[PDB]
Number of protein chains: 2
Amino acid sequence: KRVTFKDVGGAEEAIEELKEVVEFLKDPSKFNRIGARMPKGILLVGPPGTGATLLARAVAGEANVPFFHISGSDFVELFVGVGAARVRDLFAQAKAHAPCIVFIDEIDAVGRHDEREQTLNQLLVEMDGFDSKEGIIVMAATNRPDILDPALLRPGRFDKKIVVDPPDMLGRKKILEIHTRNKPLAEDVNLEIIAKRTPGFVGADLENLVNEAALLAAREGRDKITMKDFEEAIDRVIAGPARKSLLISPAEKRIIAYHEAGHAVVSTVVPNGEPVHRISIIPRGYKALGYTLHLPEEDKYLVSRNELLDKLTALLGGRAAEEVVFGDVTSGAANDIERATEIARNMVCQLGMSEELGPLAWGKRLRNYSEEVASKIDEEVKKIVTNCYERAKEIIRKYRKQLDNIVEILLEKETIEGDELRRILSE
Amino acid sequence: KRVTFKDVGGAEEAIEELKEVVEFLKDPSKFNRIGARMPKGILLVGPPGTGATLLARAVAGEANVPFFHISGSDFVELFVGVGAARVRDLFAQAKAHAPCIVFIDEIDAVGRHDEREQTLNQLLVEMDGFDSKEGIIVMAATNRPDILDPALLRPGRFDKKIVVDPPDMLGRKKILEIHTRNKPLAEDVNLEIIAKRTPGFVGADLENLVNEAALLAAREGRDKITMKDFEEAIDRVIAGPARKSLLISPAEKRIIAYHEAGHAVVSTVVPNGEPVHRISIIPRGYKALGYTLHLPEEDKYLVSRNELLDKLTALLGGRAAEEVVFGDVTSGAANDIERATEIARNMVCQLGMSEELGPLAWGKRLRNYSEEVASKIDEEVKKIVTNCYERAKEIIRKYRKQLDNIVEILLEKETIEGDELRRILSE
Ligand SMILES: CC(C)C[C@H](CC(=O)NO)C(=O)N[C@@H](Cc1ccc2ccccc2c1)C(=O)N[C@@H](C)C(N)=O
Ligand SMILES: CC(C)C[C@H](CC(=O)NO)C(=O)N[C@@H](Cc1ccc2ccccc2c1)C(=O)N[C@@H](C)C(N)=O
Ligand SMILES: [Zn+2]
Ligand SMILES: [Zn+2]
């Protein structure tokens, strides 16, 4: 089926770069005429499923030009001479159908110590063989850009790369819409929230998510995939399934509840938190007794000192709540404490966010500073973490009653949504 | 013989995940119809004997569907071409009997540099060969998940893993019951206590335990396996046989007695101990002159500061008793002291359990803190260990008489049960 850029999501940078290619394909003369020479080989780099093959097709379809799809894993295991013969044929079929695009999927499988030499070299000859002015352009995709023989990277061949960057929230939204074209979605499904909740997800991750939501609905023999299926599909993909197996005693469930309710309260009360999306007391995957999902609302590229101080306080909210409520803190907060200490070090040692130490990068060449500076760093780190801690305990003391309500609900229902949470904290 | 999930123990998480598979097998259409695609290859990961083959069979038997058991060690040593031919045959027999399950035991023996290439690749073709909608699903087991060729792990093949986690106490209980189906057990046999006493044990460990108890009863030509056989089988499996060979002088036997009675008293007296199950003065395995078994009663996932302080005191009980009773401490407590120092460091450096040092993770990047902080850590570590020590010596001084009774009994009988121990400490 024909494909254009409207069928690829979240790769705007790469598509803009590829827009010139489309033009060169559409009308080679416009370049040839003034000596603007095109690359003979373009290499798209990124993890599998980022649509690096879809993009190729999208570039041909966007200039209404032939597209010859080939795989670099097909040439592995071929008979002596067969691997080289296939390549010679492909390009012969390209020159005739030119202008066109010649794609080579999983190229790092061929461009990598025997017959693989003949096929690779044969490629190197075909590259050196065709005329770029003919409007012919070879592409290739590879999440394995280092395994490639440096010969293919030499001027005249694959001497250009177009970077295929991971999608932002809006790019993830479009990728979901696309993977959702032929799926029965319930009306309660909000792809914007699912996109918000999958930062770091690429196209192939997003496609798997959609499948996981379908496996979830199919499991219950249902005909529409629902917001529940998506939200649960995200949680499973990230933090594994839901270990409703293990037996947690009532006392430990209280501590877990308080701990989690602690994060959520402090996170909400504090000025710069990302809003809480959900609190769960349900164990998930490899040792994760509870957690608090946030729902971002941004796409921010800078972070401020106050925002990190607020995030630090929230990270200490769990333990603060334990201390204040039970007196006897548990090992549960170890990861919180390590995450918090790590932020403070970074503020003090890289971001120039302590007044004592100044706008200096201490560290990096590894530790390269005196013992006197080392103790000032620790002192500053301790003092930041400690203040955010007291500040968390004060939020706990002040919202004790609503904190109590929140763990009471959580112990009964195991989950509470952020709206309900904001509602309980507003008197 | 037919098998279901009722015949596999302690793998509830994995079985819940596998419940979808069962359904997909039962009625493929329910998925196919809305595009919920299944994995073609599922990989179960875990140590040998965790019933990863039993589970496969359990998934087929739970959907009343054919099961083709194959071994990956059978294809090693095969003639040129034979290894690939076997694979082609297996799947041919699967498509016809579909829906079904195709299992491949010890897959890491084939999916790992000659004929093993043909057989492996032939597998990679058969995978890419069958239709998932047909209701066909390939599984495989491997405690060696890293030795596997990354090709098998690529989407379209073994691109899913279901984690087979080690059983809790209740899971161990069921595994024992199952391995105890066809064994003559005395009435005095309590599988719950044996399950409690084998934390960390997996299915194959539990099966060996049961055998070891049988070897113990057979040795005395008896017809019923007794609680004695089980308890002794545990002690042998963990700490080796009982070295009733070596000759320990009366004076050293006293110190050993006091030392052990020390642990047990302090452990019992202190609020958070796990209850003592048994004290033995009988040497066992590689340099272990005495020891105190505890019988847990929980399945706890959090540990508190007070619980670690109590455990620390108990760990110092042995040496406390030596100091108080003899004046001249021995090298015996070296491992106790190292274990205790290790807990204190961890409380102070990871768990945020000292007030001076705050809820900071010091360490981890290795030591990355000033000399000033290093001395505060040591000072806090020393002060924790020292207080738990004085506290242990005070428990020794206060229960001196019952401590005396306990070593007197121990020197005569060499073993005392926890009930008797609790009885002697209650006036
Ligand atoms: C309320 C808390 C438990 C919630 C906490 C996560 C949290 O901050 N949510 O807000 C959590 O789930 N921790 C886990 C995992 C873990 C990882 C490393 C550790 C290192 C040292 C000590 C304990 C550690 C525990 C745990 O404790 N897991 C238990 C099962 C364990 N590992 O035994
Ligand atoms: C009453 C105690 C003896 C009981 C103690 C265990 C205990 O805490 N039970 O509560 C014990 O059995 N220790 C063993 C093994 C060991 C291991 C490492 C050592 C390092 C330094 C010094 C002595 C070490 C001894 C021993 O001492 N074994 C003797 C045979 C040895 N190794 O010569
Ligand atoms: Zn936490
Ligand atoms: Zn000891």
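For each chain, numbering restarts from 1 and follows the sequence as written, which can differ from how the entry numbers it; residues lacking coordinates are not listed. Labels follow written order: the first chain is A, the first ligand is 1, and so on. Reported values pertain to the displayed chains only, which are themselves part of a larger assembly. Side-chain metrics in this entry use all non-hydrogen atoms of the structure; hydrogen atoms and water are not considered. Residues with missing side-chain atoms are left out of burial classes, side-chain pairs and their counts.

**Some details on the overall build of chain A**
Okay, step 1: When you go through chain A residue by residue, the secondary structure sums to 16 helices and eight strands.
Okay, step 2: If one aligns the C-alpha atoms of chain A with their principal axes, the spans along those axes are about 80 × 65 × 40 Å. Numbering of helices and strands runs from the N terminus, with a helix taken as a DSSP run of H or I at least four residues long and a strand as a DSSP run of E at least two residues long.

**Observations concerning the site of ligand 1**
Okay, step 1: Nearness is defined per residue: one heavy atom within 4 Å of the molecule or strand is enough. Neighbouring ligand 1 are 15 residues; A:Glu260, A:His263, A:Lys287, A:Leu289 and A:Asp336 lie closest to it.
Okay, step 2: Surrounding ligand 1 are residues belonging to chains A and B, so the site spans chains.
Okay, step 3: N or O atoms within 3.5 Å of each other form a polar contact, as long as, within protein, one can give a hydrogen and the other can take it, and as long as residues adjacent in sequence are counted only when both atoms are side-chain atoms. Here A:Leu289 contributes a backbone N or O atom positioned 3.0 Å from an oxygen atom of ligand 1.
Okay, step 4: Taking B:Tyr301, its main chain carries an N or O atom lying 3.4 Å from an oxygen atom of ligand 1.
Okay, step 5: Elements with a minimum of two residues in the shell around ligand 1: α10 (250-269) and α13 (334-349) of chain A.
Okay, step 6: The element that contributes the greatest number of residues to the shell around ligand 1 is α10(A), accounting for four residues.
Okay, step 7: Polar here means any residue other than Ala, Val, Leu, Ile, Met, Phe, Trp, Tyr, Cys and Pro, which are nonpolar, and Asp, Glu, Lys and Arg, which are charged; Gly is therefore polar. Tallied by class, residues from the shell around ligand 1 come to seven nonpolar, five polar and three charged.

**Comments concerning helix α12 (residues 317-326) of chain A**
All names here are of chain A.
Okay, step 1: Only protein chains enter the area calculation, which uses a 1.4 Å probe; residues under 20% of their type maximum are buried, those over 50% are exposed, and those in between are partly exposed. Most of α12 sits inside the fold, with seven of its ten residues counted as buried.
Okay, step 2: When α12 is considered as a whole, its buried residues turn out to be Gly317, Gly318, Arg319, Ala320, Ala321, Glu322 and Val324.
Okay, step 3: Positive backbone phi, at 80°, marks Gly327, one or two positions downstream of α12.

**A word on the coordination of the zinc ion (ligand 4)**
Okay, step 1: Looking at the zinc ion (ligand 4), the protein donor atoms are B:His259 (NE2), B:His263 (NE2) and B:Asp336 (OD), and they sit 2.1 Å from it.
Okay, step 2: Take B:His259: its relative accessible area is 9%, and that puts it in the buried class. Any nitrogen, oxygen or sulfur atom within 2.8 Å of a metal ion counts as a donor, with the limit raised to 3.2 Å for Na, K and Ca, and since water is left out, coordination shells can look unfinished.

**Points about the site of ligand 2**
All names here are of chain B.
Okay, step 1: What surrounds ligand 2 is the set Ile256, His259, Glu260, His263, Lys287, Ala288, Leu289, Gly290, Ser331, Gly332, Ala334 and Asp336.
Okay, step 2: Side-chain polar atom of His259 to an oxygen atom of ligand 2: 3.2 Å apart, as the coordinates give it.
Okay, step 3: The separation between an oxygen atom of ligand 2 and a polar main-chain atom of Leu289 is 3.0 Å.
Okay, step 4: Those elements that place two or more of their residues in the shell around ligand 2 are α10 (250-269) and α13 (334-349).
Okay, step 5: By residue number, the principal contributor to the shell around ligand 2 is α10, which donates four residues.
Okay, step 6: A class-by-class count of the residues in the shell around ligand 2 yields four nonpolar, five polar and three charged.

**As for the interface of chain B and chain A**
Okay, step 1: Counting from both sides, the interface comprises 40 residues of chain B and, opposite them, 42 residues of chain A.
Okay, step 2: Buried area: the accessible area, evaluated with a 1.4 Å probe, that two parts lose upon being put together, summed over both parts. Summing both sides of the interface, chain B and chain A together bury roughly 3,600 Å²; the carbon and sulfur share of this comes to 55%.
Okay, step 3: For the chain B face of the interface with chain A, the top three residues by lost area are B:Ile34, B:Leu302 and B:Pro359, together amounting to 19%.
Okay, step 4: The term salt bridge refers to a side-chain nitrogen of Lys or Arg lying within 4 Å of a carboxyl oxygen of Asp or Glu. At the surface where chain B touches chain A, the tally comes to three salt bridges. Between two residues, a contact is recorded if the distance between any of their heavy atoms is within 4.5 Å.

**Description of the packing of helix α14 (residues 371-398) of chain A against helix α15 (residues 400-413) of chain A**
Each pair of packed helices can be summarised by the angle the axes make with each other and by the distance between the axes.
All names here are of chain A.
Okay, step 1: Interaxial angles span 0 to 180 degrees and are taken between N-to-C directions of axes, which are lines fitted to C-alpha atoms, for helices over the stretch in contact. The interhelical angle for the contact between α14 and α15, taken along N-to-C directions, is 80°, at an axis separation of 5 Å. One finds that α14 runs roughly perpendicular with respect to α15. The residues of α15 that touch α14, namely those facing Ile396, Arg397 and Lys398, are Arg400, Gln402 and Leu403. For classification purposes, angles smaller than 35 degrees are called roughly parallel, those larger than 145 roughly antiparallel, those between 65 and 115 roughly perpendicular, and all remaining angles oblique.

**Things to note about the coordination of the zinc ion (ligand 3)**
Residue and element names in this part refer to chain A.
Okay, step 1: Protein coordination of the zinc ion (ligand 3) is provided by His259 (NE2), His263 (NE2) and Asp336 (OD), with donor distances spanning 2.1 Å.
Okay, step 2: On the primary sequence, the residues serving as donors to the zinc ion (ligand 3) are separated as H-x3-H-x72-D. Taken together, the positions of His263 in helix α10 and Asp336 in helix α13 put the pair 73 residues apart, joining distant regions of the chain.

**Quick notes on the state of the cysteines**
Okay, step 1: Note that a disulfide, as used here, is simply two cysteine sulfur atoms within 2.5 Å. Applying the stated criterion to the full structure yields zero disulfides over all chains.
Okay, step 2: Here A:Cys349 is not cross-linked by a disulfide; its sulfur's nearest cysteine counterpart is in A:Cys388, at 16 Å.

**A word on the pattern of salt bridges**
Okay, step 1: Across all of its chains, the model carries 63 salt bridges over all chains by this definition.
Okay, step 2: In this structure, B:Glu17 engages A:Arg236 in a salt bridge whose closest nitrogen and oxygen atoms are separated by 3.8 Å. A residue pair is termed interchain when its members come from two chains, as with B:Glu17 in helix α1 (residues 12-26) and A:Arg236 in helix α9 (residues 227-239). Judged on exposure class, the residue B:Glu17 and its partner A:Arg236 are both buried.

**Focus on the relation of the copies chain B and chain A**
Okay, step 1: The two copies are related by a screw motion: chain B maps onto chain A through a turn of 60° and a shift of 0.0 Å along the axis, at an RMSD of 0.0 Å. Taken together, the rotation and translation describe the operation of a six-fold axis. Within chain B, B:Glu371 has its C-alpha nearest the rotation axis, a separation of 7.0 Å.
Okay, step 2: Little of the interface of chain B is mirrored in chain A, where only 2% of its interface residues are also at the interface. Their C-alpha atoms serve as the basis on which the copies are superposed by least squares.

**Digging into the side chain of B:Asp336**
Okay, step 1: None of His or the chain ends enter the tally, which takes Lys and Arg as positive and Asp and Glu as negative. One buried charged side chain, B:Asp336, makes no salt bridge at all; its nearest oppositely charged neighbour is B:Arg339, positioned 4.1 Å away.
Okay, step 2: Apart from residues no more than four positions distant in its own chain, B:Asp336 is found in contact with B:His259, B:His263 and B:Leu315.

**Brief notes about the nonpolar core**
Okay, step 1: In this structure, A:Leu312, B:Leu312 and B:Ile377 are the most contacted members of the largest nonpolar core, which totals 111 residues.
Okay, step 2: Here, nonpolar core refers to any group of buried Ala, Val, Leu, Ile, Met, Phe, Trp, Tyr and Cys residues whose side-chain atoms link them within 4.5 Å. Residues A:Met169, A:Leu215, B:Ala94 and B:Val138 belong to the second largest nonpolar core, which totals 78 residues.

**A look at the environment of B:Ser375**
Okay, step 1: Summarising the element assignment, B:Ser375 is placed in helix α14 (residues 371-398).
Okay, step 2: For the pair formed by B:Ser375 and B:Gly418, sequence separation is 43 residues and the distance between their alpha carbons is 41 Å.

**Here's the deal with the environment of B:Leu315**
Residue and element names in this part refer to chain B.
Okay, step 1: Of note, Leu315 is situated in helix α11 (residues 305-315).
Okay, step 2: A residue is classified by how much of its surface remains accessible, and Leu315, at 10% relative accessible area, is buried.
Okay, step 3: The spatial distance from the C-alpha of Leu315 to the C-alpha of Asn335 is 9.4 Å, given a sequence separation of 20 residues.
Okay, step 4: Residues contacting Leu315, with those up to four places away along its chain left out, are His263, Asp336, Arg339, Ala340 and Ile343.

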